[PDB]
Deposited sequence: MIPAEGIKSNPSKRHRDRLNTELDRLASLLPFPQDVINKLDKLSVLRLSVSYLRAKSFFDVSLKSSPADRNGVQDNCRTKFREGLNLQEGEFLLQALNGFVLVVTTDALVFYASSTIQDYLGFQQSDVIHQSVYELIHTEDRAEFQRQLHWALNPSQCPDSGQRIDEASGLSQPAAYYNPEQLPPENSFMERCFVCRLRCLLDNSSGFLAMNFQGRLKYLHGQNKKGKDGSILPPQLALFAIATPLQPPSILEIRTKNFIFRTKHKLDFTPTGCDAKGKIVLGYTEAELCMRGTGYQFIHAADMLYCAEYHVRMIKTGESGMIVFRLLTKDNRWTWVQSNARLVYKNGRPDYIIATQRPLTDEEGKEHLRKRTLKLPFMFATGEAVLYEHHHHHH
């Protein structure tokens, strides 16, 4: 042997002693490198130091064993109800903490994100914005960014959080800095899915097939209890639908018409439809409309390529429907 190897071996022994103590599963620790071992040790220490100041059950009146068990996982229950992940970032743009669920949204391992620069995860076009959120002086924050997604590739996410002092960081003795405690959440079969609906002569629906109940979301009864079909139509398409209804009254066939229908979610769905008149003893009896749902891009393309220029043609809004 030689003194250099013995010093390096003492250093590696202390590094392995640090590594075995980290609060991570053994399969995660065994795949770590010395540098990230030290980094995660520092991170655990700083987190414990902050919680040793900022931190510290079910109201005894309502305490049962099962309620205590639920209370012991309250934190994970909250993390799962988040629909996103937690992110605490220092003034130095370092990730003080990121919850495990970041892997379920971005693909990054919690062990690789902590104590790293947050800008490594932020898009280059949005980083500046983030910085202005890190620094006339109220506290609450809410904004939008785009973060790298390895499952995609980027993902736009809404950050809702606050600026609070990150105590117990022993900087040099400096006073504590202002860290961002934020919650990051995401943002909000068409190949021949043709469905047919039967209507009265005033376009009151009366019948609908399975794929129609799947597209629109109404039970066959719920579809007919809400009046005529003009209650289902976007206000930007009501006049086109009325025009094509007049056309079908005149000639028996409406022709292809693209318009928006209100679902049971109070959402809009583009449909390309064709209404035909059915006759009994030479008189009109009911209507048979054949619809094929459309993507948003195709719908807006048909809208910008419209032949008829009518009022409200370019309006966008929301609606509700009652019986």
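- If you line the structure up with the deposited chain, the stretches without a C-alpha atom are 1-8, 65-71, 151-186, 204-206, 227-231, 248-254, 390-395.
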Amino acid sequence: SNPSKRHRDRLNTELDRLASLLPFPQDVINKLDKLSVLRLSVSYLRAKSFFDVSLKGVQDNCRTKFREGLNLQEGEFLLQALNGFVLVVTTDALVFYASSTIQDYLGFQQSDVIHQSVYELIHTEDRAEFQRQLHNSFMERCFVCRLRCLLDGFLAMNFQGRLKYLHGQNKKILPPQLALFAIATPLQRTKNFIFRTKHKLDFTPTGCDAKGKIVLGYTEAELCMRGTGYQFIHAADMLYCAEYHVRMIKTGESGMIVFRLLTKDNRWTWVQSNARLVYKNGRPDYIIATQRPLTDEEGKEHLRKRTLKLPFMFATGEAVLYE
From here on, numbers count along this sequence of modelled residues.
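- Per the compared records, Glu120 is resolved in all of the other entries whose models span it, so no third of them omit it.
- Compared with the other entries of this protein, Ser137 is frequently left unbuilt, missing from a third or more of those that build its neighbours.
- Look at the mean CA B-factor for 216-224 and for 85-93 in the entry; the higher one is 216-224.
- In this entry, 138-146 has the higher mean Cα B-factor, the comparison being between 138-146 and 207-215.
- Each of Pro293, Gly255, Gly57, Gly69 has a CA temperature factor in the record; the biggest one is found at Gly57.
- Listed residues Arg127, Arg196, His234, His199 were ranked by CA B-factor as deposited; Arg127 comes out on top.
- Split the chain's modelled residues into thirds by C-alpha temperature factor. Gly299 is in the middle one.
- Remark: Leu261 belongs to the lowest third of its chain, ranked by C-alpha B-factor as recorded.
- Ranked by Cα temperature factor within the chain, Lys280 sits in the middle third according to the deposited record.
- Sort the chain's modelled residues by C-alpha temperature factor and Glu243 lands in the lowest third, per the entry.
- Sort the chain's modelled residues by C-alpha temperature factor and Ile102 lands in the middle third, per the entry.
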